[PDB]
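Below sits a lone chain in structure tokens, taken as the form deposited in one PDB entry.
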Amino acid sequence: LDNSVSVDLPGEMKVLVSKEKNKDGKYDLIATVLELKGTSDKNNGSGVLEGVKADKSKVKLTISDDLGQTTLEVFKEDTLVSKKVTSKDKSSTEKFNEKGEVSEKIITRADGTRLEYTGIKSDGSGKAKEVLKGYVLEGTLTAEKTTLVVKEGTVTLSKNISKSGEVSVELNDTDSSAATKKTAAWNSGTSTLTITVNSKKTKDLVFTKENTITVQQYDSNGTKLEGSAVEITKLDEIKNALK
């Protein structure tokens, strides 16, 4: 507690591990989060630590056996209230209702972008939004997938995220005019959406692995991509691309 070895942990935490083992053979652990203590069988960071908040809530920190995953759970005096799982790569993921079911969930990516679900029901539906660098996409959640939607005029851009995180993008236009109706094709291999108007390609939208969006225009004849892809930094730039 001063006879101890310090171990760095995911989630900006540190745990102190005894060198000598306690009265009953196990190593004791001290990690300040409110100070939590516990006893484990290894002399690394792994183990379980308990504690009690000043408001009578009980805290349970579970450090993974390979030191790459902390699980911070907060209970009432018994019933889950919180469950933050932070990882070594800075990635982290909840609030519960009275029935012990998931009520909210925030997925923080390693790069800082977030995916927030609010008002989750028993069937699995709720309100969803993704926080990117510079703008926020909003949509819904279902037990099937996450759909984020951007509207401009009669055009609707839909970004779909499957359960495993696979991104696919759709576009629909309720415009009746063959001269102005936007259609699009999705190339999942290159993760690129090519928009077409009046049987000419107009622009490519690329949804990168860095959770960003780039736009590149074709020439007036729809023949060649021109210039270089420009990164989108504002929500109005997405709507402009959809005009």
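Under this definition, the rigid core comprises the largest set of C-alpha atoms superposing within 1.5 Å between the forms. Residue positions are given as counts along the sequence shown, with the first one as 1.
Student: When you step from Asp2 to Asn3 in this entry, do you jump over none, 1 to 3, 4 to 9, or 10 or more residues of the deposited sequence that have no coordinates?
Tutor: Missing in between: 1 to 3 residues.
Student: I want to verify a possible break: how many residues of the deposited sequence sit between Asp78 and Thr79 without any coordinates (none, 1 to 3, 4 to 9, 10 or more)?
Tutor: In the record, 1 to 3 residues between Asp78 and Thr79 lack coordinates.
Student: Select between 160-168 and 99-107 the stretch whose C-alpha atoms have the higher average B-factor in the entry.
Tutor: The entry gives the higher C-alpha B-factor average to 99-107.
Student: Comparing 119-127 with 146-154, which stretch shows the greater average C-alpha B-factor in the deposited entry?
Tutor: Taking the mean B-factor of the alpha carbons in each, 119-127 is higher.
Student: If you compare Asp204, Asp175, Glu210, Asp55, which has the highest Cα B-factor in the entry?
Tutor: When the deposited C-alpha B-factors of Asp204, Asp175, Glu210, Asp55 are compared, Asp55 is largest.
Student: Based on the entry's values, in what third of the chain does the Cα temperature factor of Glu237 lie: lowest, middle or highest?
Tutor: For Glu237, whose C-alpha B-factor we compare with every modelled residue in the chain, the answer is the lowest third.
Student: Among the chain's modelled residues, which third holds the C-alpha B-factor of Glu226?
Tutor: Answer is lowest: the recorded C-alpha B-factor places it there.
Student: Would you check the entry's CA temperature factor for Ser40 and let me know if it's in the chain's lowest, middle or highest third?
Tutor: Within its chain, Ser40 is a highest-third residue by C-alpha B-factor, going by the deposited values.
Student: What third of its chain's C-alpha B-factors does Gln216 belong to: lowest, middle or highest?
Tutor: Its C-alpha B-factor, which the entry lists for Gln216, ranks in the lowest third among residues of this chain.
Student: Could you look up the Cα B-factor of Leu34 in the entry and say which third of the chain it sits in: lowest, middle or highest?
Tutor: Ranked within chain, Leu34 CA B lands in the highest tercile.
Below, we refer to the form deposited in another entry, which is not included among the displayed structures.
Student: Only one of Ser191, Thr183, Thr212, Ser57 shifts by 2 Å or more at CA between this form and the one not shown when the core is aligned; which is it?
Tutor: Just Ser57.
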